[PDB]
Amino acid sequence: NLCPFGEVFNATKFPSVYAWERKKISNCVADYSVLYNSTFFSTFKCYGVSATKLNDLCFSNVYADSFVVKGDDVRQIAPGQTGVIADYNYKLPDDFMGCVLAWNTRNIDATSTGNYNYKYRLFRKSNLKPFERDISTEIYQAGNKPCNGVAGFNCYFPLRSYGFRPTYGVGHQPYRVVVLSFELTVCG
C-alpha cells in the first residue's frame, strides 16, 4: 500500500510549533515523486541523504513532524541551530538524517484581523533535547521571587502568539513545515 503522505502535507489543520505532532509510517511503499517533482515548496532541504537517491532506499520506519513557523524561523529547523524555535520548540539532532520541507501559507494561515492561533514557546528552563516536545503552560519564573501561579513582575507566560497577517513581509508570513525523519518496512 502507498504511504499516506497526503494526510500530513495536504492536511487541513496544522499544529503550532511548540505542540508539533508526529506521525509514524509503518508497512507501506513510499512514493517520493510527489514530494520531489513539485515547485510548491519554499525550501526542501535534505540532510544526510539526497533528494533523489531516496527512491531506491528502504528504512525501518519514517516519522513525519509537522508544525507552522514564520519565514525567518524556517532556517532554524536544521541540525546545529540555536534560535528560539530550535531551543524551546523543535530541535533536530546533529546526526539528523532526513529532509525538511516548507511552503508559504499566507492565504490559509494568515487572516486580516490577525491569526493568533499559531503560538510558540519564548521562555523555558534550558534547551530541548533532539525531538523533544513541551506543551507545559506553567508560568515561567525569570526572577528570584516565586510566581505562585500568577504571572507578574519577572513572571511571564511561556507562550506567545505569532499573530500572522497577510500584509507581513515574506520573513514574517506563516510557513507550514514537514520534517521527515528516517530511522533504521518503508521502501520506494
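Numbers for residues come from their place in the sequence shown, where the first is 1.
Where coordinates are absent for parts of the deposited sequence, a chain break appears; between neighbours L184 and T185 it spans 4 to 9 residues. Comparing the deposited coordinates for 51-59 and 151-159, the stretch with the larger average C-alpha B-factor is 51-59. Comparing the deposited coordinates for 34-42 and 122-130, the stretch with the larger average C-alpha B-factor is 34-42. Comparing C-alpha B-factors across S136, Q141, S66, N27 in the deposited entry, the largest value falls on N27.
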